[PDB]
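First up is the structure itself, then whatever we jot down about it.
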Amino acid sequence: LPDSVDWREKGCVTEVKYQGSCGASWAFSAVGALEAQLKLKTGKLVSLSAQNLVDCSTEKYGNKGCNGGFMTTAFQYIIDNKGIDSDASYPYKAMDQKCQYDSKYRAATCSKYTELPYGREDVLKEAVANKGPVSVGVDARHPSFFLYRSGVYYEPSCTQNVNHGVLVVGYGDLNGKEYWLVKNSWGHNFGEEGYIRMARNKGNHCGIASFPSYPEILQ
Ligand SMILES: Cn1c(=O)n(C2CCN(CCCn3nc(-c4ccc(C(F)(F)F)cc4)c4c3CCN(C(=O)c3cnc[nH]3)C4)CC2)c2ccccc21
């Protein structure tokens with residue numbers, strides 16, 4: 001297994017997004033993970049629609065749009081819906097709306113998804129190295145998280161009760177500190193150009209490896 005990866009370097013990560021007041025971090029984590037698989041499969045990097053997930057992957061998938069939801073069930077919707085629209089065709093509005101999915105603008109598809117075992121940072125590392133970026137949840141309910149600007153994030157009072165969806169797009173070590181490279185959905189002004197490096201191999205720090213999952217686009 002490699003010592004560092006960074007999927008941005010293989011043009012598999014889209015630009016950082018800005019969720020704003022709507023609690024759709026889950027949807028941004030989901031589309032992030034699938035964007036990468038679409039690139040690998042097709043060579044084309046296209047931002048997929050979070051608003052589509054918010055509007056259409058709803059109570060039938062255990063989701064509540066701007067009030068929260070899960071990546072796993074988002075991935076199921078895309079399997080069930082037999083498609084997801086492009087961001088360009090179904091733009092993010094940071095509010096709940098009627099479902100406006102149109103298969104004419106389908107930009108990707110999803111065949112299956114996998115969940116990783118809880119708390120297994122060795123397994124998460126393997127998946128990130130061998131499969132692509134991985135959707136995870138983190139415990140982001142801490143002032144130090146919102147105020148993070150750079151370096152390797154470590155919060156002594158972090159828990160493994162995750163509440164905020166993000167994308168693991170790499171890992172590495174910086175000056176002795178092992179980290180995971182995490183794309184967030186708070187725009188470019190957050191952290192390191194929209195990214196946060198987070199403590200790795202520090203006992204499932206902030207629950208980063210509590211609920212990982214990733215999609216696959218077959219055939
Ligand atoms: C109607 N209907 C549902 O309801 N389902 C459920 C939706 C998700 N469930 C829970 C998954 C586990 N699970 N997933 C998160 C989770 C994942 C990601 C995020 C975020 F998006 F923010 F990233 C937030 C929470 C948390 C947990 C358990 C407790 N949690 C912890 O963090 C924790 C565990 N040990 C210490 N702490 C939160 C299982 C089924 C349905 C599934 C199919 C069809 C219809 C369905």
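Labeling convention for the structure tokens: chains A, B, ... as they appear, residues from 1 per chain, ligands from 1 in order of appearance.
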Next on the checklist: Show me, as a PyMOL selection string, the residues that have an atom within 10 Å of residue A:41 when counting only C-alpha atoms, minus same-chain residues fewer than 5 positions from it.
Outcome noted: chain A and resi 35-36+216-219
Output file for the residues above (C-alpha atoms, as a PDB file, in the first residue's frame):
```pdb
ATOM      1  CA  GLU A  35     -17.859  11.910  -9.241  1.00  0.00           C
ATOM      2  CA  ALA A  36     -14.541  10.106  -8.745  1.00  0.00           C
ATOM      3  CA  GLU A 216     -19.066   1.667  -7.907  1.00  0.00           C
ATOM      4  CA  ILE A 217     -20.125   2.131 -11.493  1.00  0.00           C
ATOM      5  CA  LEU A 218     -19.877  -1.190 -13.304  1.00  0.00           C
ATOM      6  CA  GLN A 219     -19.705  -2.313 -16.985  1.00  0.00           C
TER       7      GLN A 219
END
```
Item to check | Site check for ligand 1: residues at most 9 Å away, only C-alpha atoms and all ligand atoms, as a VMD selection string | outcome: chain A and resid 23 to 30 58 to 63 68 to 73 76 118 135 to 139 159 to 166 207 210 to 212
Keeping only N, CA and C atoms, take the residues you just selected and write them out as a short mmCIF file (atom, residue, chain, number, x, y, z; two decimals), in the first residue's frame.
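Once written, selection.cif looks like this:
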```
data_model
loop_
_atom_site.label_atom_id
_atom_site.label_comp_id
_atom_site.auth_asym_id
_atom_site.auth_seq_id
_atom_site.Cartn_x
_atom_site.Cartn_y
_atom_site.Cartn_z
N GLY A 23 -28.40 21.60 5.67
CA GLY A 23 -27.62 20.50 6.21
C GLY A 23 -27.55 19.35 5.22
N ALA A 24 -26.96 19.61 4.04
CA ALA A 24 -26.85 18.60 2.99
C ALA A 24 -25.43 18.07 2.79
N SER A 25 -24.60 18.18 3.83
CA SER A 25 -23.25 17.62 3.81
C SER A 25 -23.21 16.15 3.34
N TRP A 26 -24.16 15.34 3.81
CA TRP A 26 -24.36 13.96 3.31
C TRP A 26 -24.43 13.85 1.78
N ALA A 27 -25.24 14.71 1.17
CA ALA A 27 -25.41 14.70 -0.26
C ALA A 27 -24.13 15.11 -0.95
N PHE A 28 -23.40 16.06 -0.37
CA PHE A 28 -22.12 16.47 -0.96
C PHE A 28 -21.07 15.37 -0.84
N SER A 29 -21.05 14.68 0.30
CA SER A 29 -20.19 13.50 0.44
C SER A 29 -20.50 12.41 -0.61
N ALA A 30 -21.79 12.18 -0.84
CA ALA A 30 -22.24 11.15 -1.77
C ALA A 30 -21.78 11.48 -3.17
N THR A 58 -35.43 11.07 -0.13
CA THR A 58 -36.19 11.69 0.95
C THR A 58 -36.59 10.61 1.97
N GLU A 59 -37.79 10.69 2.56
CA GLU A 59 -38.18 9.84 3.71
C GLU A 59 -38.18 8.34 3.42
N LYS A 60 -38.51 7.96 2.18
CA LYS A 60 -38.36 6.57 1.72
C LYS A 60 -36.91 6.02 1.84
N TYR A 61 -35.90 6.90 1.84
CA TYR A 61 -34.49 6.52 2.06
C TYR A 61 -33.94 6.97 3.41
N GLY A 62 -34.83 7.32 4.33
CA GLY A 62 -34.45 7.77 5.66
C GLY A 62 -33.83 9.13 5.73
N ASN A 63 -33.99 9.94 4.69
CA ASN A 63 -33.35 11.27 4.61
C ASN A 63 -34.37 12.39 4.77
N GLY A 68 -30.83 16.75 7.18
CA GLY A 68 -29.92 15.62 7.33
C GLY A 68 -30.31 14.39 6.54
N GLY A 69 -29.39 13.45 6.53
CA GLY A 69 -29.52 12.23 5.74
C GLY A 69 -28.18 11.52 5.71
N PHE A 70 -28.12 10.45 4.93
CA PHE A 70 -27.01 9.53 4.94
C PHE A 70 -26.51 9.31 3.52
N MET A 71 -25.20 9.13 3.34
CA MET A 71 -24.64 8.77 2.02
C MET A 71 -25.07 7.38 1.49
N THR A 72 -25.08 6.38 2.37
CA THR A 72 -25.45 5.02 1.97
C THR A 72 -26.80 4.99 1.25
N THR A 73 -27.79 5.67 1.81
CA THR A 73 -29.14 5.64 1.26
C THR A 73 -29.23 6.52 0.02
N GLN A 76 -28.17 4.33 -2.69
CA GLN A 76 -29.29 3.45 -3.05
C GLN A 76 -30.30 4.14 -3.97
N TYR A 118 -16.69 -0.50 10.95
CA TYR A 118 -16.59 0.65 11.83
C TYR A 118 -15.21 0.70 12.50
N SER A 135 -16.74 8.20 1.02
CA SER A 135 -17.65 9.02 1.80
C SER A 135 -17.54 8.61 3.27
N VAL A 136 -17.37 9.58 4.17
CA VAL A 136 -17.42 9.32 5.61
C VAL A 136 -18.18 10.40 6.32
N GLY A 137 -18.49 10.12 7.57
CA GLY A 137 -19.03 11.10 8.50
C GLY A 137 -17.95 11.43 9.48
N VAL A 138 -18.03 12.64 10.02
CA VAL A 138 -17.16 13.09 11.11
C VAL A 138 -17.97 13.77 12.20
N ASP A 139 -17.39 13.83 13.39
CA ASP A 139 -17.94 14.68 14.45
C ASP A 139 -17.33 16.05 14.25
N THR A 159 -15.57 13.07 19.49
CA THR A 159 -16.18 11.77 19.73
C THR A 159 -16.31 10.98 18.43
N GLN A 160 -16.81 9.76 18.53
CA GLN A 160 -17.10 8.93 17.37
C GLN A 160 -18.58 8.98 16.97
N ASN A 161 -19.35 9.92 17.52
CA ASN A 161 -20.72 10.16 17.03
C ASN A 161 -20.72 11.19 15.91
N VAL A 162 -20.73 10.69 14.68
CA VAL A 162 -20.57 11.54 13.50
C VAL A 162 -21.89 12.26 13.15
N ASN A 163 -21.75 13.43 12.56
CA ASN A 163 -22.89 14.26 12.27
C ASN A 163 -22.73 15.16 11.04
N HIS A 164 -21.67 14.96 10.25
CA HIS A 164 -21.33 15.88 9.15
C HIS A 164 -20.60 15.07 8.08
N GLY A 165 -21.16 15.07 6.87
CA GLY A 165 -20.66 14.27 5.77
C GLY A 165 -19.56 14.95 4.99
N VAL A 166 -18.49 14.19 4.73
CA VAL A 166 -17.32 14.70 4.03
C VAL A 166 -16.74 13.60 3.13
N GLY A 207 -14.45 9.98 14.69
CA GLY A 207 -15.24 9.00 13.98
C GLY A 207 -15.10 8.92 12.46
N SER A 210 -15.97 5.68 11.22
CA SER A 210 -17.15 5.08 11.87
C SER A 210 -18.13 4.54 10.84
N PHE A 211 -18.40 5.32 9.79
CA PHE A 211 -19.34 4.91 8.73
C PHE A 211 -18.87 5.24 7.31
N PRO A 212 -17.80 4.56 6.86
CA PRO A 212 -17.36 4.83 5.50
C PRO A 212 -18.17 4.04 4.51
#
```
Item to check | Polymer residues at most 12 Å from residue A:157, only C-alpha atoms, same-chain spacing of 6 or more positions, as a PyMOL selection string | outcome: chain A and resi 139-145+205-207
Checklist outcome for this item: Of A:48, A:53, A:16, A:1, the one nearest to residue A:195 when counting only C-alpha atoms is A:16
